[PDB]
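Here we start with a single chain on its own, the form deposited without the named molecule, put down as C-alpha cells.
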C-alpha cells in the first residue's frame, strides 16, 4: 500500500570508520514482499531501522510514495507518522501488560475512546485467533500466541508497511513454517508492503517475491529468490541463499580439474571456483542409467552425518582435500570409492 524509494542511502558509524550501508538504491513497489539477506545482522538491522524511522541515512534520501521521510542526517517524518507496523526480534512484548494491553498500547495517543480502542483490539485479536487469551500476560502465552500478539500489536493501527526483522527467531524450528504461513496470509489480506530481513533463506523463500543481498554494506544482487538461487553473481551470494559446495580448481581445455574430478565448464582465469549445491550431486558405486546426470569423476567418502532423517555424505576427490557433500536415503560408508555425478546445468563457476 506504499511505495518505498531508497535513494543513495549510506549510513556510517564510528565517525565514518564503519560503513554500514554504502549507496543503497532500491525501489520497492506498493504491496510488494521484499526481502534482504546478508552476512551482517547489524547492517540489515540498520537498513530496517532506517526504513522504520528509528535511524536516518547519513547521506541519501528515503521516500514513502512521494513523501520525503529522511534525508542526509535528518529525520523528517518520524516513525509514528509513517504507517508502519514492526515485528522485530528485539522489540519484545511488555511483560507486565496483558495481551490486551500490549496490543492497545500503540493506540494510546490516537484520539480514540475507550470503546473504540477495545473494539479495535478485539477485532484484530479475533482475526489472529488470540481473542481468548487477551487477559494473559506474555509469560502465560505459548510461543505461537506470543507471535500472534506481537503481530496484532504491529497491525492495530492499520499500517501500509509491515517490517519484519528476524521475526520467527524466537520460535522452535518446528513452528516456523506455521508462522511464515500466517505472515503470508496477513500480507495477502491487507495488501501491505512487506519488508523482511533474516539470516535464514527459508524465511525469504516463504515470504518474499524479490530479494536483495547485502554484502559489506552494498546491495550486490537483487531479484527473485529462485533466480538468485540458480544464478548467483558470486559464490558468496550463492551461499547466502542456500547450501552450496565451494571448490577450487585449475582451468584446462578439458574442464576445471579438482583432483580426480573434472567439471565441464571454463572461465578466463587460471583457476576457478566451482559451486555445486548438494541436491545437484549424486553418488554411486558403478555407472547409473540416467542421462539427466553427468559424470565428473571418482571420489572417496570422508565422513557421514545424519540430519532430517537423511544421510549427509561428504566426499573428497582422490588427490584433493576439497569437499563435496550431498544428502541421501542410504549411506555409503567412509572410505568407499564412489562415482560422482552432477546436474550439468546447475554447475556454477566463477573466476578465482
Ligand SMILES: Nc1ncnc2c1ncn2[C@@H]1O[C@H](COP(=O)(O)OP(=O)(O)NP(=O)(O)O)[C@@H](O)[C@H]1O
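Here the rigid core means the biggest group of C-alpha atoms that line up within 1.5 Å when the two forms are laid on top of each other. Residue numbers count along the first chain shown, from 1.
Legend: mean Cα B-factor per stretch from the PDB entry, 215-223 versus 168-176; the higher mean is in 168-176. Annotation for 247-255 versus 120-128: the higher mean temperature factor (C-alpha) is found in 247-255. Looking at 189, 210, 199, 277, the one whose CA carries the top B-factor in the deposited record is 199. Residues shown: 317, 57, 38, 308. Highest C-alpha temperature factor in the entry: 308. When the CA B factors of the chain's modelled residues are split into thirds, the value for residue 271 lands in the middle one.
Among all modelled residues in its chain, residue 137 ranks in the lowest third by Cα B-factor. When the CA B factors of the chain's modelled residues are split into thirds, the value for residue 228 lands in the lowest one. Among all modelled residues in its chain, residue 33 ranks in the lowest third by Cα B-factor. Split the chain's modelled residues into thirds by C-alpha temperature factor. Residue 50 is in the lowest one.
Form deposited with the named molecule bound: not shown, discussed below.
Placing the named molecule onto this chain by superimposing the site C-alphas, using its pose in the entry with it bound, gives at least 3 ligand atoms within 2.4 angstroms of backbone or C-beta atoms, which makes the site blocked. Among heavy atoms of residue 260, none comes within 4.5 Å of the named molecule in the entry with it bound. Contact check for residue 166: a non-hydrogen atom falls within 4.5 Å of the named molecule in the entry with it bound. The named molecule in the entry with it bound comes within 4.5 Å of a heavy atom belonging to residue 89. In the entry with it bound, none of the heavy atoms of residue 305 sits within 4.5 Å of a heavy atom of the named molecule. Only one of 312-320, 25-33, 57-65, 42-50 places residue heavy atoms within 4.5 angstroms of the named molecule in the entry with it bound, namely 42-50. If you fit the rigid core between this form and the one not shown, you'll see the Cα of residue 40 move by 2 angstroms or more. Taking the rigid core as fixed, one finds a CA shift for residue 290 of 2 Å or more between this form and the one not shown. Relative to the shown form, the Cα atoms of residue 42 and residue 227 move together by 3 Å or more in the entry with it bound. A shift of at least 3 angstroms pushes the Cα atoms of residue 86 and residue 41 further from each other in the entry with it bound than in the displayed structure.
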